[PDB]
Structure formats: structure tokens, C-alpha cells
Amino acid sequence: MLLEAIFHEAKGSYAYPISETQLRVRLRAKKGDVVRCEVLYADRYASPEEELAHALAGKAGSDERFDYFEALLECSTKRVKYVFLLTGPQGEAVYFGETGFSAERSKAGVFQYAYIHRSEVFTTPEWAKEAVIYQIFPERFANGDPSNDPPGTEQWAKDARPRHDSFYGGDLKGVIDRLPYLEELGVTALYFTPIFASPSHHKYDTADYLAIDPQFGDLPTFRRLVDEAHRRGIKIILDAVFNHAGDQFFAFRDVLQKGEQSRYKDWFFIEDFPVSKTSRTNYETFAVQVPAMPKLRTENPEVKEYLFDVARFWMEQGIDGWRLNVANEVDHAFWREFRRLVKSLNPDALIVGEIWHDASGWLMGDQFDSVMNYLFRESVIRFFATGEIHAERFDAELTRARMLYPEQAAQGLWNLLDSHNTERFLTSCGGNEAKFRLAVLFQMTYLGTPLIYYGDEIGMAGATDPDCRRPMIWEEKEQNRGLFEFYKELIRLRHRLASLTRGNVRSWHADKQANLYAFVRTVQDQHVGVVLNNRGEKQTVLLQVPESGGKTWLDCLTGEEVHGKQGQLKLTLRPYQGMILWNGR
């Protein structure tokens, strides 16, 4: 075995607790370079003579270059020292520890997880463990009160083609009037983009964090929204824009006024005075040369307590969580304290970050509860929409990501297809409903949290910013109701099948020629196998499935009963068909 390819660290996503007495260890090694992985361990302060405990490390999944092993160490002492035993293809042996490799156990040293403080066991909202979030871009969702419409509001039709400054008049009263719809769909939470006062139509250049934007409503209307949704079993989440502020934010206006005497010059990153005009700014902004969005200095104690107060004010209205916009550009101290503050007010308040790269550092259990799974989106786009990769590359991608973070965080990533920052998925599919559906079928059955972008469930389509921000389609005979009834049924199942919301994932078949992929979700004795024939040509496959985990399954989407004929399963899928096989348990 190529030792230079065996990885593990007594922390991060390879060593962490799932309980005050249970530690999850994971090891990494070159694909097919290691056949068995066992973990010999015991209490740290144990005598050199006592007998070590054993723990078999099942192969959890396989990257495109690695194999991932995973074991669960029972640690009543809440302290532990462990060493890996790695067996080769033919039979070779080797011990893996902190000191290094050695055919001799003792000479390999031993990894140590110093102590398991219950306060550090990565914990997350239970409701968040089985949710189906629906993303709402308020300005375009529904105009329930045309009296607050901005000036210039354009028509509300299927053929609108928005500009970077267009307005259509969607407001919070519309969202309220639409809860019957949202509740019929089955969503269990709504994620709004910025709803706070701002001159723009997207509202990321916040003018006042303490007031809903006039065009959308007023606090009374909001509270009504929160109450109306709650009794409907729908939680609500807001976009926290703490990285930068709109150049209307009182504090910034002051610096623009009082110049050098402003009591807030250190609330921003001013290079020189006086502040500036057009995109030739002289104060640090989000991205590059964006005047309307000066950068907040969350490192400054004053700014921190301000935004924290801002956070206290909205959690007082009963929201259920936050979506941290541009999260990675604001310090960790901030986020840790933010988590403590939030978690104290409401233990079930969800904190989801928005980072477009390895989030490992914000997913240890002391900051975010999760993030947007852009990866899943990249994998799904290229497997179902643009056909740029195949069933096997897909399997690889799903697995590689799936191993990035501690399970707790993994279990909750927001699996989105598209956002208000991208072309709609249907468009990505060149308008191929068949393909689109298969992707949704995967989304509603894969590991994580499904995130539905308003419109998709109905068949909307469009380019990227701002064509993806068209107004919702409400005229029923202008909506894809067959697709809607599809989402409904998946979501129904997802809520009904435990394994889909609380089980794990395991590859079950990857045929790059047939371009058919299949996985299995498991929890307790329940097994739900999803088969995706992602190809435009009926096909038949035989999948391995030992008589132990059941030998008879039932397709949840058709009610067809399938039987295992000696460990094998013969399935025939119509073009692009998918099957939700349930073992009944």
C-alpha cells in the first residue's frame, strides 16, 4: 500500500464526536490500496497492559482517487487514544498512528482525542434535520398589496424580461396570501432574500437593518407573516447581510457628512477623506468598486454589538434562522459570538452560511450549522442538465463532497439547483422537462436539505441575473401543474420516509456506459434505494442486493412490487425514469 496516500488527523472532518461518549474517526487512502481498516483504542490514561478495544471501519464511500473508511469509537471515559490497523489487497499489514507507520503497533504511536466536552458536540436544529426550504425573492414572488408598489412597476406577466433596475411590486402581503399554496406544496420553511429597506430591487445595499422595506411592508405585516406561516407549520429564515452595508445606512451617511469628525469613520474601511462619489470609491467595498456597498468593520466592537442588536430585534419577531450573505468575509470571532447569541435566544434558530469554497473552517460546530451546497449544484448541473459528466464521475463528485465535513453539517447542506444568482435549472436543461424531473427526483431523495427556488415547481425558466428573477406565474392554466403534483409527491415521500431525512448515503451502482446511477439511504432497518436511468433510452440493469437487507422492494412512485432473485434485482426504466424503491422496513 502506498503509505504516502493514507490520511487522518485527530480533528476536523476525520475525528469528531457525535456524542459525549462517541467519537467518529475517518481515514483516507488511495482507492483500492487498502482492503480492511480496524481501530484499536482505549482510554488515554489506560495502562500499557490493558486490552485495547476494537472497532471495524467500514468503507464509507469512494472518491475518484480515495477510499474513505469510517469507525465509531465508544469512549465512556470521554478521552481516547487510538491506532489504525490497515490490511492490504493480498495480506500486508501496518499500524497507523501519530508517530507514523510500523509493522509493529507500538512503534506507530497513537492518535489522541484529548477530551469530549458536551458543549463541543456539533448540535443542530432538529426541525432543520428534515426540512424542505422554499426560496423567495419577495420583489418577484407576489404583489399582495399594489398600494406600496414602487414607481415604474412593470406588468406581471409570463413574458416579463427584467433589467438590473426593474421592479414588479412583489411584497410581504403577497407571500401571506400565498401560504395556502406553499402549505399545499409541503415546504416547511421559507428563505427570503433581503427584505430590509434599501433603494435597490434586490436589497443587498441595506439602508436600515431595523425596518422592513416600505415596498414590501411594515413590521406589523411581517409579524403577521411569521404568525400565519408558523400555524401553517412553515418557519421563516432571513438573509443576514453583515459584511457590507448600503451607502444609505445611517452610519455611512454620517461619514459622508461629518467627514473626519464622524463618530463612525472606524465602522468602515476609509482610505482617505472626504468619502467618495461614483465607482471610484475610496473606502473598501464588497467585491470591486461597488459604491453602494461599503464594507462593515465587524472587527470593530461597536459594529458587532450593533449588528447583534439588529439580530436581537428580528429574532424578537420570531424568525427561525439566518442565511449569512458573504459569510466568509467577516471574522470568525464574530460568527462564534453570533452563534452563542443566537443559540441563547432561540436554540432552534438555524444558521446557514453562504461560502463558495471549502467551508470546513466554519463547520466545526461553533459557528454555522450548514452552508449552501454549491457542489451538489455543480454535480447536478453537469450530470442532468449539460450532460458534461457521467454516472461515475457523478458518483465521485457526490462522494468527494460528502466527505468534506462532519456528518452533522453534511446532513444539513442546502441542496439547491439554482438561485437568484443563476439561470434557472430548467433553462440549464435546454428546456427538457424529462431531465429536469430526474434531477428533482434526485434532489428530493438525496442526503441534505432540499432547496426549492420559487417558480421551478411550476416550470418557470430564465437566464442569469436578472432573467432568473422574473415574476412568479400564478394563472393556473399557465403553470405546469403536472410538475407541481410531481414535487408534491416527492416532498410527501421525503416527509414519510425516515431514511430520506435522517439516513445516510451509499453508492449502489454506477455504469458510465448506461449512464445509470443508484444509491441507497439507510436508517435503522429502513432501506430506500433510488435508481436513476439518466439516459434517453429504456434500459435494464441488475443490481446487487443480498437477501439480508430484504429481498422484496416496492417502488414508491408506482406501487410496483419488485423481487430479488438470488441477490440480484432486474429493473427496466423508461427514458430518464427514476425509481424510489422501499424495503418496507
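Start at 1 with the first residue shown and count on from there.
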Of 217-225 and 81-89, the stretch whose C-alpha atoms average the higher B-factor in the entry: 81-89
Of 124-132 and 269-277, the one with larger mean CA B-factor: 269-277
Among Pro466, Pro301, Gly412, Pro406, where is the Cα temperature factor highest, going by the PDB entry? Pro466
For the listed residues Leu210, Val255, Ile236, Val505, which one has the largest C-alpha B-factor as given in the deposited model? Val255
Lowest, middle or highest third - CA B-factor, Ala15: lowest
B-factor third for the C-alpha atom of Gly169 within its chain: middle
Going by the CA temperature factor in the PDB record, which third of the chain does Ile389 belong to: lowest, middle or highest? middle
If you rank the chain by CA B-factor, which third does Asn243 end up in: lowest, middle or highest? lowest
Rank-wise, by C-alpha B-factor, drop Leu27 into the lowest, middle or highest third of its chain. middle
